[PDB]
Structures are given as C-alpha cells and as structure tokens.
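Protein chains in written order, with this note's numbering: chain A, 14 to 154; chain B, 228 to 304; chain C, 24 to 130; chain D, 1308 to 1363; chain E, 493 to 620; chain F, 507 to 553.
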Amino acid sequence: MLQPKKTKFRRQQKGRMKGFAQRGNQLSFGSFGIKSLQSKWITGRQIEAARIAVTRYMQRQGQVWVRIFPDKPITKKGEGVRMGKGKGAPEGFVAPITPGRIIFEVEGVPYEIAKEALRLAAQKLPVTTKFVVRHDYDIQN
Amino acid sequence: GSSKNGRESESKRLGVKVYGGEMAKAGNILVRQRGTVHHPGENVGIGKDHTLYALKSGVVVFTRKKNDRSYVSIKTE
Amino acid sequence: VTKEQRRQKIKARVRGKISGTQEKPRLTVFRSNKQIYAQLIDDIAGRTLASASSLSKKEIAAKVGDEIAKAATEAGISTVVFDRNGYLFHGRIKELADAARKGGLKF
Amino acid sequence: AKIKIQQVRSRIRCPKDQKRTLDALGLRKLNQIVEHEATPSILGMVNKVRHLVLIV
Amino acid sequence: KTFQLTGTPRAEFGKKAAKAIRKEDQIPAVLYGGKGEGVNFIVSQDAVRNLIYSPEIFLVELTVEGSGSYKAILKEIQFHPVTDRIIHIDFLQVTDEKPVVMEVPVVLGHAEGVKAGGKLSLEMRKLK
Amino acid sequence: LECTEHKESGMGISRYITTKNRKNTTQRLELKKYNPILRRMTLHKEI
RNA sequence: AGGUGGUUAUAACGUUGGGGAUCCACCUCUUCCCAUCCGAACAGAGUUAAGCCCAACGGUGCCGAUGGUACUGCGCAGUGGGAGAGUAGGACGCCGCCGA
RNA sequence: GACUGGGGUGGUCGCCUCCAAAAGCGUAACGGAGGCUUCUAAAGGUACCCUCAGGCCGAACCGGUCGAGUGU
RNA sequence: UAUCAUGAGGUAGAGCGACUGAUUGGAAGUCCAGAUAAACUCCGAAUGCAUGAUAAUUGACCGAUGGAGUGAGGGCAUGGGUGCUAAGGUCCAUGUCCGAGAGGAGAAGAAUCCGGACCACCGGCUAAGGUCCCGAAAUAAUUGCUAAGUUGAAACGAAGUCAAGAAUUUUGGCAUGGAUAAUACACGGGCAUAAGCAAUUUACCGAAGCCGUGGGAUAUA
Ligand SMILES: [K+]
Ligand SMILES: [K+]
Ligand SMILES: [K+]
Ligand SMILES: [K+]
Ligand SMILES: [Mg+2]
Ligand SMILES: [Mg+2]
Ligand SMILES: [Mg+2]
Ligand SMILES: [Mg+2]
Ligand SMILES: [Mg+2]
Ligand SMILES: [Mg+2]
Ligand SMILES: [Mg+2]
Ligand SMILES: [Mg+2]
Ligand SMILES: [Mg+2]
Ligand SMILES: [Mg+2]
Ligand SMILES: [Mg+2]
Ligand SMILES: [Mg+2]
Ligand SMILES: [Mg+2]
Ligand SMILES: [Mg+2]
Ligand SMILES: [Mg+2]
Ligand code: NA
Ligand code: NA
Ligand code: NA
C-alpha cells in the first residue's frame, strides 16, 4: 500500500474538486509524461497497477516517477447498515486529481516506445489522459 | 455503531459592535474579543474579559502600527 | 544584554504610564559618568519648554534641579510629572527630584 | 438629464432585492414607463435591474 | 543564436481583451528591463518557433510597430494547464551594461556559450 | 478540602464571606478589612 | 559625534574604512547612599580598541510594480470586480524640539 | 421518560473549546475531535528587578547566533 | 433600494527552508528541487455586513392595544455535511416557486420556460415557443453540413464525410460501431432528404401579460 504512516485525524470530509491544476502541470525531472483530463479520486491499487504496467515494458532503463500521493482517507458503510450513526469502516486512501495534473513521467528512453509504455500505464486508470513531451526535446536524442 | 461525538457550547457573540466612523457614548461596548485582538488607545478602556469600551463620547477610530497591531481610540471635540 | 537595551526596556516601561501635555509636562533627566541634564517636554507637538544642565556632585545635581525649577517658574509651569527615564530613583536622581521639589514644580 | 425606463420582463421568480429596486424606480406593471433624472443612484438602480428594463 | 521577431501594439487590457487576442490565434507579450519604461505587444503562435526548439536561441531582436527595435531574451512563458498552449510571454531587455543571467545547454564538456549581449552569468541546463 | 469561613469581631456586626483550603491553612485567617460601623478593624476566622 | 519624539524595517541586521581641547563611552577605588557568591549590573568618589556617531557596499532581511492567470457578483461566459506567487526593480531613511 | 433514517438493543440528555459555518452576528445532523462538576493565603494588590526554549563549540558550568511558559 | 464616504474581516484562491501535520526525491543533520491540508497560514479577493449623507420610492417601518392562525412542509438553483461526488435520500445556509396560483408552450407532468386571473367584448399588440397536415401562422429568402430516417450513455475502434493546417501528423463540425427482455410500438401522429442540423434577415401566429371600449368596487390624496 502507498499511504502515510501517521495522520492527525483518522477521518476527513469529502471536499470538492473545482478547477484545473495550477501546480504540477509542467514536466520537471523528466522528458515524457501523461496528464489527466478529468477530475477524480485515484486509488493506490490503480496507481500500483499503472506503475507495474509501465515498468514491465521499457525493460529497466530510464526513470519512472509518479507525482501524486494518496493521503485522503475514505470510509464505507457496509451491508445492511442504515443511514446515520456516524462514519463507516476505513477503506484505504485516495488522491484527488483535477484536469491538467501530471500523473506519470519517464526519462532516459526512446520516444517511440515511451509513447507505448505510457499508454499501457494509462489504460489502467479511471481517467482519460494526454501524452506530453518536454518543450526542448529534439528528435536526434 | 455509535458516535462518540455530538457536543458543542453556546456561541459567545463576539466581534466588533461599533465600527470606525460611528458615534459612541461613554460606557458603550466597542469590541468583544478573546485576548487583545485590538488594543485600547485614547479614551478607551479594557475590561476583565478584554472588552473594549469608551470612556468618553466621540468617534471610534481604528489605527494600525508596527507589528500590525490594531488600536481603538475615541476622538472627542 | 547591554546597558543600551536594558535602559531602552526600562524607558519603554516608564513611558507606558508617563506622558506630558501643555499643562503638566514630562521631566526627563539624563545622567552620564560626568555632568547631568534635565528637560521639560510637551509630548503632543514634541516641544521642549525648559532645560538645565551641568555644562562631590550631589550638589551639582541639586543645583541643576533648582535651575530647572527656576526655568519652569520663568516659563510659567506650576505642575509637572517626572519620569525615571531608565534610572533607579536613588542617588543623583533622588537628589535632583528633591531639589526640583524644594524649588517650584508642584508635583 | 431625464431618461425613460420601461419594464419589459416579469418580476416573477426574481429576488426580493430586485423587486424592491423596481418598486423604488416606480415600475409596478409590465410595459410601464417612468421618467427620471439620470443621477448616479438612478443609473445604479437601472444597472441592478438591467435584465428587466429598456431605455426608451 | 539570434532570432528575429515582429509584434504589434496592444491597447485593451483585461480578461475579455486577452480572450479576444487569444481567439485571434495570438499571444500577449510584454518587454521590460533596464531603465525607462517597457512595452506590451502581440506575438503570433506561428511566428513563435523559439520556445519549442532544442537550443537556447537567445537574442530575440524584436520589432514592435509601436516603438523602435530592441534585443531581449525569453524571461517567462505562461502555458495553459490542459491544452499546453502559450498564453503569455515576458521578455527581459538586454543591454551591454549589467550582463544578463542565462541558462545554456551542456554537452557530454562543452556549452553553447554567450559573450555578446550577455557577457557572463550562466546557471545550467539538463545537468544529468 | 476547600471550605467557607467567616470574618468576625465587628462593632450590628461586620462579616466577610470567603473560602479557604483547610489542609493548606490549618490555622485561622486574620485580615484587617473594614467595619461599615466605623472604619478599618481586624477580622478573624471561625465565625 | 548628546538627549527627547512622530512616522507599521523603503527606517532593521551585516561588512569595510574614519573619528577626540569636549560631547558620550570604556576606564581606577569601594569609606559612607545602595547593592549581588562576585561593586559583572545596580549605587557613588589612559584611551578611540569597543559601545556610539559618519561614510561606502544591494550582501541578510524589508518593500514591490505592468501584464497575464486563479477566484468571484449579476437567478451566465454577455455584463462588472480582481488576487496570491513570481518577474522587473526600490531601498544602507524621513519630518520635528532642547542642548552645547 | 424522551431522542431514534420503524421499534427494540446499544448510545445520548446540563456546561466549555475547535471544525461543519459559505471572510459581520447567528445557523442542523445517532456529523468530526476534545474537556468540566475545580483550584490559589498566593497562583490576589502594588513598587522594583529579571527573560525562556533550542543547535554547535570546551569541560549541573563559561562564552557567540535565533519553539518556552501562562494550575487544568 | 441605489450612489458616495468610512470601518472590521480570513472564506474562494494561493502558498507552505512563513509555522504544525503529511509527502517526494534527495546527497541522523544539512543543501537543492517536487508538491499537500475542514480542525495549517508569511498572504488574500468578489459578494455580504455596520454607520453617515443624498436621491428615488412607496407608503407600510416603529409604539400601544382587540382578534388570530401556524409551530407534518415540498421542488428547483447555488455553498456544504452525510451517503457510494447513489436515491423522487437525508441534515443546514442563501434565493425562488408550489403550498395558498388560474392562463400559454413543452402530447399528456404541483413547483422546468413565459406569465400574477375585478367583470364583459365575435377589437388590437406581444412573451416563451413556433409558421407542410392533424393545428393558428413562411411548403419565405440566403449560405453551408448530414445520407445515418441520424434527426424532427462511456472506456475504446475504424476514421464515412467536410473543413483548417503543420512537419506521417494535429485540429475541430456532422455522422458510424460499442448500444441490451419479457401484453404492441413510437419524432404525440401523418409523414419529411427537408418539413433535419448550424447561421442570418424580414413578415406573421401566439396568453386571463399590455393596450382599446363599456361597467363596478376599495383606499390614499
Ligand atoms: K494585475
Ligand atoms: K465527554
Ligand atoms: K414528448
Ligand atoms: K395551420
Ligand atoms: Mg463555539
Ligand atoms: Mg419513543
Ligand atoms: Mg461568521
Ligand atoms: Mg482552498
Ligand atoms: Mg457570510
Ligand atoms: Mg412540535
Ligand atoms: Mg417541525
Ligand atoms: Mg426529499
Ligand atoms: Mg440530490
Ligand atoms: Mg395545508
Ligand atoms: Mg405563491
Ligand atoms: Mg401551467
Ligand atoms: Mg402580430
Ligand atoms: Mg387574447
Ligand atoms: Mg389584465
Ligand atoms: Na450540533
Ligand atoms: Na501581487
Ligand atoms: Na509577489
């Protein structure tokens, strides 16, 4: 699991994802990446599946960065439990993301199959994605 | 299950009662606060619970100084 | 901690209470390793109304206080208020204050 | 100087502050015309009820 | 290591004006620096082949129809969060006094280097 | 541990009501407060 | 070259260099005023090194546009308001009173 | 006895503080977190005098540069 | 109610070597670089609020007294909590409507769009929405797109087609496959290749809204 070791409060109110990402929308540390076109909660299971997919490809060269961390706790009520009487049982952590936020990024890798590895990662996510490249990258390496 | 919460206390109706530019009389309460969020100045007293009140009649003035400290004073005559 | 910030702390504490007006003006007293000074101040427009200086020395301090009282009586000041100005009210400060009391300066 | 304001849309489902602005202008009926000096206060009322009135 | 750019003056300001300018497939830009005042002008997306390019390509000799001509560098570029299009450019006017600060690509041990317009003050690029 | 005690030795009578911790003060309090009859006077505990 | 104020540090901190018939400060001595284990501070009866004052430095801190963007009122992207951060840069104070 | 996403079971019932609360005040939920049913003869009043807590250096102690306490 | 003037905010947003708690690389400290928050803040709006002065405007604001009813609410929009970012769910806040509200369009609908019914009239103008027939008014004019009778739900696939580009490739418009159960089925129906979709212009239809004519009633002057 990808989650914090400690938190001040075990519970959190469900917020409201509002607009576009104003930070973490440009490509630092890397050359290629994927941005999200939608607003959604992303689970650690989905993140690990996407990273495993992107790293089974590409062999073991290059570097892979995930730039979102799930730290919002969520609960679920249960079967036969009626409404009310407080919060339900914990069910892990999620990361809230907005359009324009970069999820995954890769470096040190040829473009033609970085485009394929990132697509393989993006097929295991509940958001529509967009491929992005650095605005200084040249074709001849 | 059950919840271990559900408690609250009554709200204390704090805040600025007379704003800068208004006319106040002697003994009028100007600010209700917890601690000196605002400080007393000329012709303004402070009570046991840090309540700011006017010693004389006049016009309430709010002013800021170093450390962004806010002072409340009464301008008379 | 140096004497400058010590005396600045004491001066701020004393000015917390004391202040001088057109009537009842402030009476600052400066003491150095030699000589002494006294100044009568209105703390509204920042105008000094009278002063005295040296230009044992308990006699010198008492003479300075009496001269300040004479200047105050010449300028027409009946009541004053006197601040420690960072010094403990003892020694030359006490002597100068007693001399100002023995003169005019009804305070 | 004098300008003419004519109500063209209904006040139904409009908020009370807008209804009271219409009253302050003096418009109580559809297709009613009032005449007022073009002071900044009157212009502010017209701005507040711009989606209901016409300058004729 | 020398680019040539043309521009036209900008008069209206605000979000409505900026939206109109961007809908006409253009980018608002500002040139500031040195002494005296600066200028606000309009660049074209097609006219820009500078930021989307491998090398530095500094010294963007600028010709604004509302004033004279100058030399400057890419100082700040604003991108859209989603479409990743250019929405605003800011230029730092370069003078022979007070040499400018730049970021220059490295090799392998070689760089592009700069001495004219910018005497000194490089930082780095792609140090990996 | 805390308790209410009274001040006495008036001049009708003059009483002052006040609390005191008995374990902290096994002894009897004595404070000169006032007499609304005339003036200041010493007042002692034990009512 | 001191004291005493009004201006929320554009006023503070720092570095480097310059200062003495007297202005301040360090400086000798504790008998009485007073005082702490300690005259270090509080209390009294040769110096410019340092405090202090002067100057140069944009260094550490402060201030900070124009433009754009976020957000937002109007029950509509038409009509109004408009940041924060950042970037240019500004800045090593200013207005009094008494004294010599 | 009442409340109660039917009732029962469980939990709760007065007061204080924060968040829910939408930048005046006020504002609900079996919404999210905690406390109280006291204490001080000084821990009250006043005059005077002091300044925590932490990091490095040397061996409870000497010196130089930026959170602690306030009974609960 | 509006305008102007004055005043206090800590929300949205933003930012966190400006603190607290999380987080990421880093090269137990430290340096550099990501990034996060209802119970974080070095910052910080738009609206809202208070006071005063003007203007417009009703008229009903305030006192004191006679008489009450209500104290089961509901839908929609916005800001939120809760729930599963489910419910024609539930709990608050700000508006609005149904309740207590008729009339017009949507085939037929309590609260979606337009609009507040004193009475009469075989008069006229409009609103939303419309103008081939059922059914009032254009088989009006001009310019394009669609060939699916589309028309009158998504990841994900060809790209059928038009258009705009750049160095294969992007970009939008309209279509197409994904597309699915039980009495007989739908653009309301006929039917339409425009009578579909997009844009513009002019006429016209269209309500118990407005005007006209006749007749009453209730108040303020
Ligand atoms: K601006
Ligand atoms: K409790
Ligand atoms: K229908
Ligand atoms: K017809
Ligand atoms: Mg409270
Ligand atoms: Mg019951
Ligand atoms: Mg509030
Ligand atoms: Mg926020
Ligand atoms: Mg509010
Ligand atoms: Mg009831
Ligand atoms: Mg009820
Ligand atoms: Mg309901
Ligand atoms: Mg709902
Ligand atoms: Mg009913
Ligand atoms: Mg109604
Ligand atoms: Mg109807
Ligand atoms: Mg007609
Ligand atoms: Mg009709
Ligand atoms: Mg009518
Ligand atoms: Na509650
Ligand atoms: Na700013
Ligand atoms: Na800034």
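Heads up, the beta-carbon is just placed ideally off N, CA and C, and yes, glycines get one too.
8 Å Cβ cutoff met for residue i and residue j
{"i": "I91(C)", "j": "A120(C)", "result": "no"}
{"i": "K143(A)", "j": "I47(A)", "result": "yes"}
{"i": "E553(E)", "j": "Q496(E)", "result": "yes"}
{"i": "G609(E)", "j": "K567(E)", "result": "no"}
{"i": "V258(B)", "j": "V286(B)", "result": "no"}
{"i": "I115(A)", "j": "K53(A)", "result": "no"}
{"i": "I60(A)", "j": "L15(A)", "result": "yes"}
{"i": "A61(C)", "j": "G99(C)", "result": "no"}
{"i": "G28(A)", "j": "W78(A)", "result": "no"}
{"i": "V37(C)", "j": "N108(C)", "result": "yes"}
{"i": "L1337(D)", "j": "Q1314(D)", "result": "yes"}
{"i": "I534(E)", "j": "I565(E)", "result": "no"}
{"i": "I301(B)", "j": "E249(B)", "result": "no"}
{"i": "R521(F)", "j": "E511(F)", "result": "no"}
{"i": "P501(E)", "j": "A510(E)", "result": "no"}
{"i": "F117(A)", "j": "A63(A)", "result": "yes"}
{"i": "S284(B)", "j": "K252(B)", "result": "yes"}
{"i": "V1360(D)", "j": "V1353(D)", "result": "yes"}
Chain A contact for residue i (CB, 8 Å cutoff)
{"i": "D576(E)", "result": "yes"}
{"i": "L543(E)", "result": "yes"}
{"i": "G254(B)", "result": "no"}
{"i": "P501(E)", "result": "no"}
{"i": "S230(B)", "result": "yes"}
{"i": "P573(E)", "result": "yes"}
{"i": "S536(E)", "result": "no"}
{"i": "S546(E)", "result": "yes"}
Burial state of residue i (16 or more Cβ within 10 Å)
{"i": "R1357(D)", "result": "exposed"}
{"i": "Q518(E)", "result": "buried"}
{"i": "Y540(F)", "result": "exposed"}
{"i": "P112(A)", "result": "buried"}
{"i": "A503(E)", "result": "exposed"}
{"i": "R49(C)", "result": "buried"}
{"i": "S238(B)", "result": "exposed"}
{"i": "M616(E)", "result": "exposed"}
{"i": "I256(B)", "result": "exposed"}
{"i": "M71(A)", "result": "buried"}
Cβ of residue i within 8 Å of any chain E Cβ
{"i": "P112(A)", "result": "yes"}
{"i": "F45(A)", "result": "no"}
{"i": "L15(A)", "result": "no"}
{"i": "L131(A)", "result": "no"}
{"i": "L50(A)", "result": "yes"}
{"i": "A135(A)", "result": "no"}
{"i": "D151(A)", "result": "yes"}
Min CB distance residue i to chain B below 8 Å
{"i": "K98(A)", "result": "yes"}
Original post:
At what residue ranges does the region 91-140 of chain A contain a whole run of the beta strand (DSSP E), taking only runs of 3 or more?
Top reply: 102-110 and 115-120
**OP:** Answer yes if the region 101-121 of chain C comes into contact with the region 1321-1330 of chain D, meaning at least three C-beta pairs across the two stretches below 8 Å, and no otherwise.
**Re:** no
**OP:** Mind the definition here: the region 63-72 of chain A touches the region 83-92 of chain A only if three or more C-beta pairs lie below 8 Å; say whether that holds.
**Re:** no
**OP:** At 4 residues or longer, and completely inside the region 21-84 of chain A: list those alpha helix (DSSP H) runs for me, N to C.
**Re:** 57-69
Subject >> contact_flag[the region 282-298 of chain B, the region 25-41 of chain C] where n(CB pairs < 8 Å) is 3 or more >> reply: They do not touch, by the three-pair rule.
Original post:
Is the region 567-586 of chain E touching the region 595-606 of chain E in the sense that three or more CB pairs, one from each, lie closer than 8 Å?
Top reply: These segments do not touch.
Subject >> At least 3 beta-carbon pairs within less than 8 Å: the region 572-582 of chain E vs the region 530-549 of chain E >> reply: yes
Original post:
When the Cβ atoms of the region 109-127 of chain A are set against those of the region 88-95 of chain A, are three or more pairs found closer than 8 Å?
Top reply: They do not touch, by the three-pair rule.
Original post:
What are the complete alpha helix (DSSP H) segments, minimum 4 residues, inside the region 1317-1350 of chain D?
Top reply: For the region 1317-1350 of chain D, whole alpha helix (DSSP H) runs of length 4 or above, ordered along the chain, are 1323-1332.
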